[PDB]
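Have a look at the structure below before the remarks.
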Amino acid sequence: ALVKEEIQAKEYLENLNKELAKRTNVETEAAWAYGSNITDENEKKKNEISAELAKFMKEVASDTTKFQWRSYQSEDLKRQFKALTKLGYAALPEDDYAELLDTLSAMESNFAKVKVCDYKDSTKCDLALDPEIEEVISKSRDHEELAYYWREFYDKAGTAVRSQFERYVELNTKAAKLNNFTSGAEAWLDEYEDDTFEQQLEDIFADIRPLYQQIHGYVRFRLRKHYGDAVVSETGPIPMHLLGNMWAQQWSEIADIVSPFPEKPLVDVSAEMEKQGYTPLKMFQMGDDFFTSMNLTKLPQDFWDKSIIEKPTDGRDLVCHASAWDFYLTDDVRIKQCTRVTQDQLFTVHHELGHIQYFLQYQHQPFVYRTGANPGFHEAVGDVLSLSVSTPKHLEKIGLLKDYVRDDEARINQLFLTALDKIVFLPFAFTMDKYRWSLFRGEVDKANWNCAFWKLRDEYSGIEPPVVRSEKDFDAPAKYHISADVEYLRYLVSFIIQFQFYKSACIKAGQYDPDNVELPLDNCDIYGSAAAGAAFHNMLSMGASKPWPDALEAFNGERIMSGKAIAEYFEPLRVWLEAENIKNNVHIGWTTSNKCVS
Ligand SMILES: *[C@@H]1O[C@H](CO)[C@@H](O[C@@H]2O[C@H](CO)[C@@H](O[C@@H]3O[C@H](CO[C@H]4O[C@H](CO)[C@@H](O)[C@H](O)[C@@H]4O)[C@@H](O)[C@H](O[C@H]4O[C@H](CO[C@@H]5O[C@H](CO)[C@@H](O)[C@H](O)[C@@H]5O)[C@@H](O)[C@H](O)[C@@H]4O)[C@@H]3O)[C@H](O)[C@H]2NC(C)=O)[C@H](O)[C@H]1NC(C)=O
Ligand SMILES: C[C@H](N[C@@H](CCc1ccccc1)C(=O)O)C(=O)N1[C@H](C(=O)O)C[C@H]2CCCC[C@@H]21
Ligand SMILES: *[C@@H]1O[C@H](CO)[C@@H](O)[C@H](O)[C@H]1NC(C)=O
Ligand SMILES: *[C@@H]1O[C@H](CO)[C@@H](O)[C@H](O)[C@H]1NC(C)=O
Ligand SMILES: [Zn+2]
């Protein structure tokens with residue numbers, strides 16, 4: 001009967017979880033070897049091991065039907081069994097799965113191997129995105145140079161893989177349907193365990209959108225003063241190559257030309273980092289110190305022994321796009337980052353170490369629970385610390401920000417600088433998955449796939465390509481996550497919930513009081529706070545053992561994803577900016593782009 005079976009099922013799950021952890025270790029090692037060293041041999045190795053694990057998952061999913069798991073008393077056992085039924089791509093027939101793996105490695109390796117010719121020297125053709133092209137996009141204020149690098153990169157990283165992307169969409173759809181989801185959109189959304197999740201995000205985005213429109217309007221106004229009206233129009237979408245980022249996802253790199261008060265300080269600690277002899281090692285050691293200062297877990301020896309924290313100097317191809325890795329044993333966690341000594345990179349280091357901390361916090365959990373409460377939780381951890389590291393308060397403590405006077409004008413500069421990252425990103429992140437969802441769901445005909453991309457970027461972000469594109473081009477895969485098949489909604493969720501975590505951690509630390517002028521949210525530093533660390537420990541140690549509202553509740557007693565906290569952080573900016581835009585008669589909104597020919 002059921003009482004005896006539930007006891008046996010508990011024993012079954014205990015052994016299977018350990019077996020899954022061990023088998024996944026092997027897959028992860030092969031994936032790591034390939035990402036660190038792209039060769040035909042490593043690709044073959046990676047894909048063959050994945051195919052082996054997929055075959056085993058099929059056997060597992062099949063075996064779950066031998067247990068009456070839906071009839072069990074234990075919510076915990078039922079949750080584990082449910083996790084094991086979700087095959088994802090592993091549901092595909094053997095040959096289809098092999099084809100998908102080959103398709104995915106073809107796209108990611110194409111992205112990783114992109115090289116372009118120097119704008120000034122057509123003989124020198126070894127410029128990679130990281131660091132060469134990204135350096136130009138972030139630093140150059142020559143609009144024709146910027147336009148050149150934009151076109152060269154999108155042509156090579158995007159258009160070149162159209163046929164592979166098409167087959168990937170077909171196989172992704174086939175896999176979703178084998179799992180009885182309507183499409184890959186629903187398969188992705190299932191990770192959030194909430195059937196109203198899309199509407200919730202629409203509601204939150206709608207609340208923040210007006211602030212984005214104000215930032216967009218002001219930036220456009222300031223760019224007109226820099227480049228002239230021949231380059232930037234008052235009423236049209238902003239030409240995206242002028243925004244300091246290849247994908248226009250964050251605009252912090254053009255802060256020096258769009259800052260509210262150019263005569264007052266704007267935080268940019270890159271020069272001081274270099275002057276003080278910072279290295280990638282030091283940056284990671286400083287991140288480690290931040291976590292341990294909060295009474296959280298120190299980085300294990302394997303991390304230091306096995307991580308790659310600088311771009312290799314041999315001739316080899318690799319994936320430089322920064323990532324954090326769990327090997328599902330004990331204390332085997334690693335980062336691979338082509339680290340540079342900049343302010344932006346210091347935040348990236350803390351982001352990636354947020355993943356590592358999460359891995360360490362939940363490594364005692366059964367295998368199926370060794371992941372984030374939802375994908376957004378994993379992305380939020382390191383960003384909460386980055387918000388603190390970015391404050392004038394913290395940066396003065398570590399001697400990177402000198403002779404800084406925090407008057408009302410400096411505060412507006414800093415809030416604006418943060419918004420150029422945190423608010424600007426929201427419509428971007430939403431469009432990445434809105435686009436792919438529309439393809440997965442079969443809502444866009446193949447003949448319209450490229451202009452469907454640029455239509456969303458126009459509608460939500462008010463940006464456009466520097467040159468005319470058409471259906472002869474295919475631009476979406478020029479973004480890493482699109483070539484690498486990484487869900488993006490996690491980052492939209494993260495940018496909302498990180499402010500919920502930050503606000504709460506700051507209150508717990510005694511660093512934020514809404515009725516005290518000396519403790520504003522935008523200058524909170526949680527460094528050294530064991531109290532904030534305790535909330536993190538309580539939440540992160542849970543892994544995916546409970547639905548995410550229980551994980552949020554463990555942190556601050558709340559159960560709802562809310563835009564209240566992000567709006568609260570930027571409220572002083574909103575008040576100032578609304579008035580400043582009225583003062584300067586700034587045009588808000590944009591006409592439909594003419595940059596994608598149907
Ligand atoms: C996605 O959705 C799919 C449905 O759209 C779903 O596919 C269905 O899965 C069912 C398995 O759960 C399967 O049901 C079986 O059907 C067999 C006969 O099917 C034939 O005829 C169909 C048309 O009439 C054809 O379409 C098929 O191709 C087949 O030719 C039955 O023989 C079988 O029965 C046995 O199993 C049941 C189940 O027993 C359960 O467990 C315990 C066992 O101890 C029972 O006590 C308990 O009561 C419970 O019922 C037994 O009751 C029975 O005695 C037999 O042993 C079974 O009903 C179905 O065929 C299949 N397709 C369709 C079209 O319905 C996928 O599984 C879903 N995928 C995922 C990942 O969830
Ligand atoms: C650098 C970072 N890299 C990603 C790596 C994600 C990944 C998933 C699966 C296999 C390999 C890599 C991450 O750590 O989440 C990243 O891409 N991004 C995203 C981006 O740069 O597009 C959004 C960024 C928000 C701020 C922190 C960094 C976030
Ligand atoms: C890269 O992989 C090749 C074989 O694919 C191997 O021989 C070589 O040692 C690796 N290179 C480095 C730098 O690890
Ligand atoms: C550090 O964490 C432990 C449990 O992990 C806790 O018991 C202890 O109180 C914390 N240290 C401080 C100073 O609060
Ligand atoms: Zn991340």
Side-chain angles (χ1 to χ4, degrees), residues 29-48 105 109 112-113 191 249-250 287 291-298 306-308 310-326 333-338 345 347-364 371-387 421 425 429 432 480-481 484 486-495 497-498 501 505 508-510 526-542 554:
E29 284 284 9
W32 167 273
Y34 177 66
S36 305
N37 188 19
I38 299 171
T39 64
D40 286 356
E41 190 188 327
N42 282 329
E43 181 187 9
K44 196 176 168 286
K45 286 189 202 183
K46 179 197 174 169
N47 292 347
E48 285 183 346
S105 48
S109 67
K113 285 177 177 168
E191 301 297 333
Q249 67 187 64
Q250 290 178 348
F291 282 96
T292 59
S293 84
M294 299 175 67
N295 198 29
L296 294 171
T297 312
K298 149 190 74 182
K306 298 179 180 192
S307 292
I308 298 168
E310 292 186 2
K311 186 171 181 174
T313 51
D314 48 23
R316 86 206 203 203
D317 292 299
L318 73 148
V319 180
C320 261
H321 191 102
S323 59
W325 293 68
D326 193 352
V333 289
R334 302 172 211 176
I335 283 166
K336 177 162 59 69
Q337 180 170 341
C338 299
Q345 282 281 283
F347 304 150
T348 302
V349 168
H350 285 77
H351 177 85
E352 300 297 337
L353 288 173
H355 288 302
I356 301 293
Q357 186 65 212
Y358 218 156
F359 301 152
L360 296 172
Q361 286 290 318
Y362 63 47
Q363 72 183 2
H364 66 293
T371 194
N374 75 43
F377 278 58
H378 233 296
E379 300 308 331
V381 186
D383 281 21
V384 180
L385 302 214
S386 285
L387 282 171
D421 178 344
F425 186 76
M432 294 301 98
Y480 172 75
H481 298 72
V486 180
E487 187 256 26
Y488 215 83
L489 201 75
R490 61 185 63 181
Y491 302 108
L492 174 59
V493 176
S494 173
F495 274 50
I497 67 166
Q498 70 182 242
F501 296 149
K508 291 172 191 293
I526 60 174
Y527 181 84
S529 172
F536 275 103
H537 168 69
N538 289 338
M539 174 175 73
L540 305 178
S541 56
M542 295 170 69

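Position 1 is the first residue of the sequence; numbering continues from there. As the structure lists them, so they are numbered: ligands from 1, and atoms in each ligand from 1.
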Exercise. Can an N, O or S atom be found in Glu352 less than 2.8 Å away from the Zn ion (ligand 5)?
Worked result: no
Exercise. Roughly how far apart are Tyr491 OH and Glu379 CD, rounded to 0.5 Å?
Worked result: 4.0 Å
Exercise. By atom name, which N, O or S atom of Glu379 is the nearest to the Zn ion (ligand 5)?
Worked result: OE1
For this session: List the steps, then state whether side chain to side chain contact (heavy atoms under 4.5 Å, CB included) holds for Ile308 with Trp32.
Result: CA-CA 11 Å; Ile308 298 168; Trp32 167 273; 4.0 Å; yes
Exercise. Going through the distances and angles, do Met539 and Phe377 end up as a side chain to side chain contact (heavy atoms under 4.5 Å, CB included)?
Worked result: CA-CA 10 Å; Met539 174 175 73; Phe377 278 58; 3.6 Å; yes
Exercise. Are any of the N/O atoms in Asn295 less than 3.5 Å from those in ligand 4?
Worked result: yes
Exercise. Going through the distances and angles, do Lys45 and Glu29 end up as a salt bridge (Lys or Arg N to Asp or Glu O under 4.0 Å)?
Worked result: CA-CA 10 Å; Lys45 286 189 202 183; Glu29 284 284 9; over 6 Å; no
Exercise. How far does OH of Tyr488 sit from OH of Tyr480, to the nearest 0.5 angstrom?
Worked result: 12.0 Å
Problem set entry | Residues in contact with ligand 3, criterion: heavy atom under 4.0 Å | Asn37, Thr39, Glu41, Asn42, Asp314, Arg316
Exercise. When rounded to the nearest 0.5 angstrom, what is the spacing between CE in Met294 and CG in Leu385?
Worked result: 5.5 Å
Exercise. Which N, O or S atom name in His351 marks its closest approach to the Zn ion (ligand 5)?
Worked result: NE2
For this session: Verify, without hydrogens or angle tests, whether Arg316 (side chain) and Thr39 (backbone) share a donor-acceptor contact under 3.5 angstrom.
Result: no
Problem set entry | Side chain to side chain, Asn47 and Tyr34, heavy atoms closer than 4.5 Å | no
